[PDB]
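Below: the structure, in C-alpha cells.
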Amino acid sequence: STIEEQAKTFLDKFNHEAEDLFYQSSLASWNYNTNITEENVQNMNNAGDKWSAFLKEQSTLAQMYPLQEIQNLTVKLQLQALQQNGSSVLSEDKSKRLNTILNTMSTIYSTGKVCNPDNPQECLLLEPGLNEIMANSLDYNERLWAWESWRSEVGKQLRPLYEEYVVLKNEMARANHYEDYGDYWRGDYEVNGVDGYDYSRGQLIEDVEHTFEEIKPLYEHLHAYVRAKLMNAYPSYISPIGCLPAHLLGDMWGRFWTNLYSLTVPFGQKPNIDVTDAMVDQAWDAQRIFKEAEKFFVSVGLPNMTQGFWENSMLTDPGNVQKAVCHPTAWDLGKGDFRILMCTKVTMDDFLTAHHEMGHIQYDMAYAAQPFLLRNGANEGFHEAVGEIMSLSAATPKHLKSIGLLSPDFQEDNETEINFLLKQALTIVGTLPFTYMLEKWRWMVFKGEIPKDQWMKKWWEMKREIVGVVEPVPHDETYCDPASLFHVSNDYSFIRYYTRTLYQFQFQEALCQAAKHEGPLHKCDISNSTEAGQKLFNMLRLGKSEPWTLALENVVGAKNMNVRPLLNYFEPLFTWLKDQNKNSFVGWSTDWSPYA
Amino acid sequence: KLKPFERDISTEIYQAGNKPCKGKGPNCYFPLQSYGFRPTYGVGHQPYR
Ligand SMILES: *[C@@H]1O[C@H](CO)[C@@H](O[C@@H]2O[C@H](CO)[C@@H](O[C@@H]3O[C@H](CO[C@H]4O[C@H](CO)[C@@H](O)[C@H](O)[C@@H]4O)[C@@H](O)[C@H](O[C@H]4O[C@H](CO)[C@@H](O)[C@H](O)[C@@H]4O)[C@@H]3O)[C@H](O)[C@H]2NC(C)=O)[C@H](O)[C@H]1NC(C)=O
Ligand SMILES: *[C@@H]1O[C@H](CO)[C@@H](O[C@@H]2O[C@H](CO)[C@@H](O[C@@H]3O[C@H](CO)[C@@H](O)[C@H](O)[C@@H]3O)[C@H](O)[C@H]2NC(C)=O)[C@H](O)[C@H]1NC(C)=O
Ligand SMILES: *[C@@H]1O[C@H](CO)[C@@H](O)[C@H](O)[C@H]1NC(C)=O
Ligand SMILES: *[C@@H]1O[C@H](CO)[C@@H](O)[C@H](O)[C@H]1NC(C)=O
Ligand SMILES: *[C@@H]1O[C@H](CO)[C@@H](O)[C@H](O)[C@H]1NC(C)=O
C-alpha cells in the first residue's frame with residue numbers, strides 16, 4: 001500500500017469506533033437529562049470520560065501521519081482536525097489550573113445571587129427573580145440598584161479568575177503557532193489548500209467591521225426612536241439627545257430590546273395575530289403541533305420523521321417525581337438516532353422553538369451516510385441558520401392563514417407590518433452591534449493589546465463610543481463587567497449569532513427568489529416550493545467536505561457574508577424610522593454622564 | 001472479494017497497512033467486527049431475515 005491507504009484505513013477505523021462511543025456518551029447524557037438519577041449521572045460521567053480518553057489516545061496516535069503526502073484534500077483535513085482537537089500541548093499543571101478555573105467560573109455563574117440591602121434573611125438567584133424583575137418591573141431606581149449590585153458581586157469576584165483564564169489562554173496560544181487566542185477562535189472559518197477559495201483569520205475582523213458600518217444607519221435610527229419613545233416615560237433619567245441607561249433595556253445584560261416592545265409599541269391599537277387563542281379553542285396540543293411541523297417539513301420536500309425519531313424524541317415532560325430540563329435542545333447521537341428535548345406549551349413562541357428544533361434535526365439528518373468526522377457543518381453559524389430559516393418561513397402570516405388558525409378575514413396594512421418588522425428588529429438587530437462590540441473586546445483581551453490595568457477603561461470607552469449606551473453607574477478596574485455574561489463566563493465564540501443572522505437572511509432571500517415569491521419580502525413562504533428545498537439540500541449534504549464559501553455560493557451566489565438582505569428585509573421599517581425620527585436627534589454624546 | 005458459498009468468520013489481525021503485520025501494532029485492525037443489532041437502531045443496524 002502507501003501512506004494514503006494507511007491514513008484512509010486509520011480514519012475509517014477511528015470513525016467507526018468514535019460513532020459508537022459518541023452514541024454511547026450521548027445516550028447516557030440523554031438518559032440523565034430525561035431521568036435525573038445518581039446512576040444516570042455516574043453513567044454519563046463514565047461515558048464522557050471514556051469518550052475523552054479515546055479521543056486523546058486516537059489524537060496522540062494520529063501524530064505519526066504527516067500532512068504533506070495527502071492528495072485527497074479530505075483525509076488531510078480530518079487528520080489535521082484529529083491532531084489539533086483531541087491532543088494537548090499545555091503542561092499538566094497548566095491544564096489542571098485551566099480546568100479548575102473553568103469549574104469555578106461555572107459554579108459561580110450557576111449559583112450567582114444578590115438580594116435586598118440590609119436584609120440577608122432571604123435572597124434569590126439571578127434566574128428565578130432577577131430576570132423577571134428586569135423584564136417586568138418599571139422602577140428605574142430599583143432596576144439600577146439591582147444591576148449595580150449584580151455587577152459588583154459578579155465582576156469584582158470574577159476579575160482574578162478571568163485574568164488567570166485569559167493568561168492561560170494566551171500561554172496556550174503562545175505554545176501554538178497562531179497570533180493569539182482570538183486568532184485561534186477566528187481560525188475556525190479559515191480555509192486553506194484550495195486555490196481561489198483561501199481565507200485568512202484576520203479577514204473576519206474587517207468583515208464584521210464592514211457589516212457593522214453598513215448597518216450603522218439602521219441601528220442608530222432604531223436607537224434614536226427608542227430614546228424618543230422612552231423620553232415620554234423617563235424624561236429626567238434619560239437625556240433627550242444622550243444615551244439610554246444600561247439597565248433600561250428590559251434585561252440584566254441588555255442583550256435584547258424585545259422586553260421594551262410593549263412599553264414603546266408604535267401602535268398599540270392595531271389588532272395582533274393571536275394564534276394561541278385559536279390553538280386553545282381548537283384543541284391544538286403538542287402532538288398536533290409536531291404533526292403540523294412534520295407536514296410543513298414534508299411540504300418543503302424534506303423527508304418525514306421516522307419511527308426512531310418519534311420514539312426517541314420526548315414530547316411532554318412526564319412530571320411528578322420525574323424532573324427534566326426544559327431547555328430546548330436537539331440531539332444528534334449518530335447511528336441514525338436524533339432526539340428533541342424541550343418543554344412544549346401552547347404558544348406561538350413554543351411553536352417557533354419547535355420549528356427551530358425540527359430544522360436542526362433535519363440538518364443533522366442530512367449527513368447520515370457521511371463520515372463521522374464530516375458529520376458537521378463547515379461554519380458554526382450554518383447549523384443555526386438552517387435551524388432558524390424554517391421557523392422564519394413558518395412565522396409568516398401566509399402559513400397561518402393556510403393552516404386556518406389565523407382568521408381568513410384578517411387584513412395586513414402598513415401599521416401591523418411596521419410593528420412586526422420593529423419587533424423582529426428589536427429581537428435580532430438589537431444585539432448585533434453589541435455582538436460586534438463584545439467579540440472585538442474579547443479579541444483585544446485575548447491578543448493583549450489593551451493593558452490589563454486599562455481593561456475597564458477601554459471597555460467604558462468602547463461602550464460610550466460604539467455602543468451608544470452610557471453607564472448609569474461607573475466601575476473601576478476592580479470590576480469585570482463582561483464576566484457577568486454566559487458567553488464570557490464559559491468562554492464561547494461571540495460571533496456565531498452575527499454570522500448566523502446574515503446566513504439565514506441570505507438563505508431566506510435566495511429561497512424566496514427561487515420560489516418566485518411576489519410582494520413584499522417580509523411576507524414570503526416556501527411551503528409549496530420544492531426547488532428551494534432542493535437548493536437548500538444541496539448545501540446540507542456538503543458538510544465539512546466542501547468550503548463554506550462554495551456552499552454559500554451554491555445557494556445565494558455570494559462569496560462572502562452580506563448584510564444587504566438584512567437591510568432589504570427591513571426597508572419599510574427603515575423608512576418608517578426615518579419618518580418618525582424627523583424631530584429626534586440621532587447619535588450618542590460621550591461628554592454627557594448621568595452621574596454628574 | 002470472497003467466493004460463492006463462503007463461511008468466512010475470523011477476528012484475525014487485518015493487513016491494513018504496507019508492513020507485514022503478522023503480529024500487532026499501529027494501523028493493525030480486524031476485518032470482522034461486532035454488529036450490535038439494537039431495536040432502537042434504524043437504518044444500518046436492523047435485523048432482516
Ligand atoms: C473538536 O472537539 C470539540 C469538543 O472537544 C467539538 O466541539 C463541539 O462541537 C459541537 C458542534 O460543533 C458543539 O455542539 C453545539 O454546541 C453549541 C455551543 O452552545 C453551548 O451553550 C449552549 C447554551 O447556550 C449549550 O446548550 C450547549 O450544549 C453548548 O454548551 C450549541 O449552541 C449547539 O446547540 C445548537 O444545536 C442544537 C442541535 O444540535 C440545538 O438543539 C440548539 O438549540 C442549538 O441550536 C450544539 O450543541 C459542542 O458544544 C462542541 N463542544 C464543546 C465542548 O464546545 C468539535 O466538534 C470537534 N471538532 C471536530 C471533531 O472536527
Ligand atoms: C478520498 O478517499 C475517499 C475514501 O476512500 C474516496 O471515496 C471513495 O470513492 C470511490 C470512487 O472513487 C467510491 O467507490 C464507489 O464504489 C461503488 C460501488 O461499490 C460505486 O457505485 C460508486 O460510484 C463509487 O465508485 C468509494 O465508495 C468512496 N469511499 C468513501 C468512503 O466515500 C475518494 O475517492 C478519495 N478521493 C480521491 C481524490 O482519491
Ligand atoms: C428512571 O430511572 C429509575 C431508576 O433507574 C426507574 O425506576 C424509572 O422507571 C425511570 N423512569 C422514570 C420516569 O422515573
Ligand atoms: C412522509 O410523511 C407521510 C408518511 O406516510 C407521507 O404522507 C409523506 O408523503 C411522506 N413523504 C416522504 C417524502 O416520505
Ligand atoms: C404605506 O403604504 C404605502 C403603500 O401604498 C407605502 O408606499 C408607504 O411607504 C407606507 N408608509 C409607511 C410609513 O411605511
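Residue numbering restarts at 1 for every chain of the C-alpha cells, chains are lettered A, B, ... in their displayed order, and ligands are numbered from 1 as they appear.
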
Within 8 Å of chain B, which residues of chain A are there when counting only C-alpha atoms? Please give them as a count of residues only.
11

Environment of ligand 4 within 8 Å, counting only C-alpha atoms and all ligand atoms, reported as an mmCIF file with C-alpha atoms, in the first residue's frame:
```cif
data_model
loop_
_atom_site.group_PDB
_atom_site.id
_atom_site.type_symbol
_atom_site.label_atom_id
_atom_site.label_comp_id
_atom_site.auth_asym_id
_atom_site.auth_seq_id
_atom_site.Cartn_x
_atom_site.Cartn_y
_atom_site.Cartn_z
ATOM 1 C CA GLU A 294 -43.752 17.394 10.160
ATOM 2 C CA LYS A 295 -46.335 18.210 7.481
ATOM 3 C CA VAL A 298 -42.764 17.313 4.093
ATOM 4 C CA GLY A 301 -39.623 18.408 0.338
ATOM 5 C CA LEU A 302 -37.758 17.258 3.442
ATOM 6 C CA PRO A 303 -38.378 13.597 4.361
ATOM 7 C CA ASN A 304 -40.784 12.842 7.180
ATOM 8 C CA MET A 305 -39.667 11.834 10.656
#
```

Polymer residues at most 8 Å from residue A:435, only C-alpha atoms, same-chain spacing of 2 or more positions, as an NGL selection string
:A and (431-433 or 437-439 or 494-495 or 497-498)

Residues of the last selection are to be written out with N, CA, C and O atoms, as a short mmCIF file (atom, residue, chain, number, x, y, z; two decimals), in the first residue's frame.
```
data_model
loop_
_atom_site.label_atom_id
_atom_site.label_comp_id
_atom_site.auth_asym_id
_atom_site.auth_seq_id
_atom_site.Cartn_x
_atom_site.Cartn_y
_atom_site.Cartn_z
N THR A 431 -29.01 43.14 19.23
CA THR A 431 -27.79 42.62 19.81
C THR A 431 -26.62 42.56 18.83
O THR A 431 -25.49 42.31 19.27
N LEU A 432 -26.86 42.78 17.54
CA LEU A 432 -25.78 42.67 16.56
C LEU A 432 -24.66 43.67 16.79
O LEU A 432 -23.49 43.26 16.77
N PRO A 433 -24.91 44.97 16.97
CA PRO A 433 -23.80 45.86 17.37
C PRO A 433 -23.19 45.46 18.70
O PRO A 433 -21.96 45.56 18.87
N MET A 437 -19.31 44.47 19.26
CA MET A 437 -18.51 45.13 20.29
C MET A 437 -17.90 44.11 21.25
O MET A 437 -16.71 44.19 21.58
N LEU A 438 -18.70 43.14 21.70
CA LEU A 438 -18.19 42.16 22.65
C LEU A 438 -17.19 41.21 21.99
O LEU A 438 -16.19 40.83 22.63
N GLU A 439 -17.41 40.83 20.74
CA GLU A 439 -16.43 39.99 20.04
C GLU A 439 -15.12 40.74 19.86
O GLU A 439 -14.04 40.16 20.05
N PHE A 494 -18.32 34.63 20.42
CA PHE A 494 -19.42 35.58 20.44
C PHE A 494 -19.63 36.22 19.08
O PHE A 494 -20.07 37.37 18.98
N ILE A 495 -19.29 35.51 18.01
CA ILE A 495 -19.54 35.95 16.64
C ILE A 495 -20.47 35.01 15.89
O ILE A 495 -20.82 35.29 14.74
N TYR A 497 -23.69 34.35 16.32
CA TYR A 497 -25.02 34.88 16.04
C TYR A 497 -24.98 35.94 14.94
O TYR A 497 -25.89 36.01 14.11
N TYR A 498 -23.93 36.76 14.92
CA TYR A 498 -23.81 37.78 13.88
C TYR A 498 -23.71 37.16 12.50
O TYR A 498 -24.37 37.60 11.55
#
```

Give me, as a list in words, the residues of chain B that a backbone DSSP run labels strand (DSSP E).
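Written out, the strand (DSSP E) residues of chain B are residues 14, 15, 28 and 29 of chain B.
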
Export of prior selection with N, CA, C and O atoms as a short mmCIF file (atom, residue, chain, number, x, y, z; two decimals), in the first residue's frame:
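Below you can see again15.cif, which holds the result:
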```cif
data_model
loop_
_atom_site.label_atom_id
_atom_site.label_comp_id
_atom_site.auth_asym_id
_atom_site.auth_seq_id
_atom_site.Cartn_x
_atom_site.Cartn_y
_atom_site.Cartn_z
N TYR B 14 -6.00 -7.89 10.71
CA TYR B 14 -6.13 -7.48 9.32
C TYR B 14 -4.87 -6.77 8.84
O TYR B 14 -4.32 -5.92 9.55
N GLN B 15 -4.41 -7.13 7.64
CA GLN B 15 -3.29 -6.46 6.99
C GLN B 15 -3.83 -5.17 6.38
O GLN B 15 -4.30 -5.14 5.24
N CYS B 28 -3.27 -1.69 12.52
CA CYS B 28 -3.48 -3.13 12.50
C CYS B 28 -4.80 -3.41 13.21
O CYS B 28 -4.88 -3.38 14.44
N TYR B 29 -5.84 -3.68 12.42
CA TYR B 29 -7.20 -3.87 12.90
C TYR B 29 -7.67 -5.28 12.55
O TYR B 29 -6.88 -6.14 12.17
#
```

Going by DSSP on the backbone, which residues of stretch 454-536 of chain A come out as alpha helix (DSSP H)? List them as an MDAnalysis selection string.
chainID A and resid 455:462 486:490 496:514 530:536

Could you save those same residues with C-alpha atoms as an mmCIF file, in the first residue's frame?
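Writing done, so here's result.cif:
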```cif
data_model
loop_
_atom_site.group_PDB
_atom_site.id
_atom_site.type_symbol
_atom_site.label_atom_id
_atom_site.label_comp_id
_atom_site.auth_asym_id
_atom_site.auth_seq_id
_atom_site.Cartn_x
_atom_site.Cartn_y
_atom_site.Cartn_z
ATOM 1 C CA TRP A 455 -9.222 46.875 30.540
ATOM 2 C CA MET A 456 -12.155 48.503 32.341
ATOM 3 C CA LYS A 457 -11.300 51.963 30.995
ATOM 4 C CA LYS A 458 -11.190 50.679 27.415
ATOM 5 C CA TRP A 459 -14.450 48.793 28.000
ATOM 6 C CA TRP A 460 -16.126 52.011 29.155
ATOM 7 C CA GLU A 461 -14.670 53.911 26.193
ATOM 8 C CA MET A 462 -15.984 51.283 23.765
ATOM 9 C CA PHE A 486 -22.873 33.461 29.939
ATOM 10 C CA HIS A 487 -20.746 33.546 26.773
ATOM 11 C CA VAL A 488 -17.823 35.266 28.507
ATOM 12 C CA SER A 489 -18.160 33.060 31.594
ATOM 13 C CA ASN A 490 -17.975 29.861 29.528
ATOM 14 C CA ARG A 496 -21.748 32.941 15.838
ATOM 15 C CA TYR A 497 -25.021 34.882 16.039
ATOM 16 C CA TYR A 498 -23.811 37.784 13.880
ATOM 17 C CA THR A 499 -22.786 35.419 11.078
ATOM 18 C CA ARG A 500 -25.908 33.301 11.628
ATOM 19 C CA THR A 501 -28.248 36.253 11.072
ATOM 20 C CA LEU A 502 -26.610 37.108 7.745
ATOM 21 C CA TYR A 503 -26.521 33.454 6.666
ATOM 22 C CA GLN A 504 -30.188 32.862 7.490
ATOM 23 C CA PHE A 505 -31.306 36.092 5.815
ATOM 24 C CA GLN A 506 -29.313 35.250 2.682
ATOM 25 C CA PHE A 507 -30.839 31.761 2.659
ATOM 26 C CA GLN A 508 -34.346 33.167 3.139
ATOM 27 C CA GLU A 509 -33.950 35.690 0.317
ATOM 28 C CA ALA A 510 -32.417 33.094 -2.013
ATOM 29 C CA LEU A 511 -35.229 30.618 -1.334
ATOM 30 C CA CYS A 512 -37.854 33.343 -1.804
ATOM 31 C CA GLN A 513 -36.245 34.248 -5.137
ATOM 32 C CA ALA A 514 -36.146 30.578 -6.160
ATOM 33 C CA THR A 530 -39.564 22.231 -3.845
ATOM 34 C CA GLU A 531 -36.837 23.981 -5.854
ATOM 35 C CA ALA A 532 -35.899 25.968 -2.744
ATOM 36 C CA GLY A 533 -35.803 22.724 -0.768
ATOM 37 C CA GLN A 534 -33.501 21.133 -3.343
ATOM 38 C CA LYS A 535 -31.252 24.207 -3.299
ATOM 39 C CA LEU A 536 -31.045 24.007 0.499
#
```

At what distance in Å, to one decimal, does atom CA of residue A:375 lie from atom CA of residue A:526?
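Atom CA of residue A:375 lies at a distance of 26.4 Å from atom CA of residue A:526.
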
Show me which residues sit within 6 Å of ligand 1 when counting only C-alpha atoms and all ligand atoms, and put them as number ranges by chain.
A: 81, 85, 328-332, 357, 360, 373, 384

Around ligand 3, at most 10 Å away and counting only C-alpha atoms and all ligand atoms, which residues are there? Put them as an MDAnalysis selection string, please.
chainID A and resid 31:32 34:40 317:324

Name all residues at most 12 Å from residue A:160 (count only C-alpha atoms; drop same-chain ones fewer than 6 positions away) and give them as number ranges by chain.
A: 101, 104-105, 154, 166-167, 452, 477-480, 483

Closest atom pairs, residues of chain A within 12 Å of ligand 2, only C-alpha atoms and all ligand atoms, as a Markdown table:
```
| residue | atom | partner | partner_atom_place_in_ligand_line | distance |
| --- | --- | --- | --- | --- |
| A:4 | CA | ligand 2 | 2 (O) | 8.7 |
| A:5 | CA | ligand 2 | 5 (O) | 8.4 |
| A:6 | CA | ligand 2 | 5 (O) | 11.0 |
| A:7 | CA | ligand 2 | 2 (O) | 9.6 |
| A:8 | CA | ligand 2 | 5 (O) | 6.5 |
| A:9 | CA | ligand 2 | 5 (O) | 8.6 |
| A:10 | CA | ligand 2 | 4 (C) | 11.3 |
| A:11 | CA | ligand 2 | 4 (C) | 9.3 |
| A:12 | CA | ligand 2 | 31 (C) | 7.8 |
| A:13 | CA | ligand 2 | 31 (C) | 11.4 |
| A:15 | CA | ligand 2 | 31 (C) | 10.7 |
| A:16 | CA | ligand 2 | 31 (C) | 11.5 |
| A:70 | CA | ligand 2 | 39 (O) | 9.3 |
| A:71 | CA | ligand 2 | 38 (C) | 6.6 |
| A:72 | CA | ligand 2 | 38 (C) | 4.5 |
| A:73 | CA | ligand 2 | 38 (C) | 7.5 |
| A:74 | CA | ligand 2 | 1 (C) | 6.4 |
| A:75 | CA | ligand 2 | 1 (C) | 6.6 |
| A:76 | CA | ligand 2 | 1 (C) | 9.6 |
| A:77 | CA | ligand 2 | 1 (C) | 11.2 |
| A:78 | CA | ligand 2 | 2 (O) | 11.1 |
| A:369 | CA | ligand 2 | 32 (O) | 9.1 |
| A:370 | CA | ligand 2 | 32 (O) | 7.8 |
| A:371 | CA | ligand 2 | 31 (C) | 7.4 |
| A:372 | CA | ligand 2 | 31 (C) | 10.9 |
| A:373 | CA | ligand 2 | 31 (C) | 11.8 |
| A:374 | CA | ligand 2 | 32 (O) | 10.9 |
| A:545 | CA | ligand 2 | 1 (C) | 10.4 |
```

Step by step, measure atom-to-atom distances between ligand 5 and each residue using only C-alpha atoms and all ligand atoms, keep those at most 10 Å, then write them as a list in words.
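My answer, listing the contacting residues, is residues 413, 414, 415, 417, 418, 571, 572, 573, 574, 575, 576, 577, 578, 579 and 580 of chain A.
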
Give the answer as one residue: which of A:162, A:178, A:569, A:234 has the shortest atom-to-atom distance to residue A:102, using only C-alpha atoms?
A:162

Measuring between only C-alpha atoms, which one of A:212, A:51, A:446, A:351 shows the shortest distance to residue A:180?
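Closest to residue A:180, using only C-alpha atoms: A:446.
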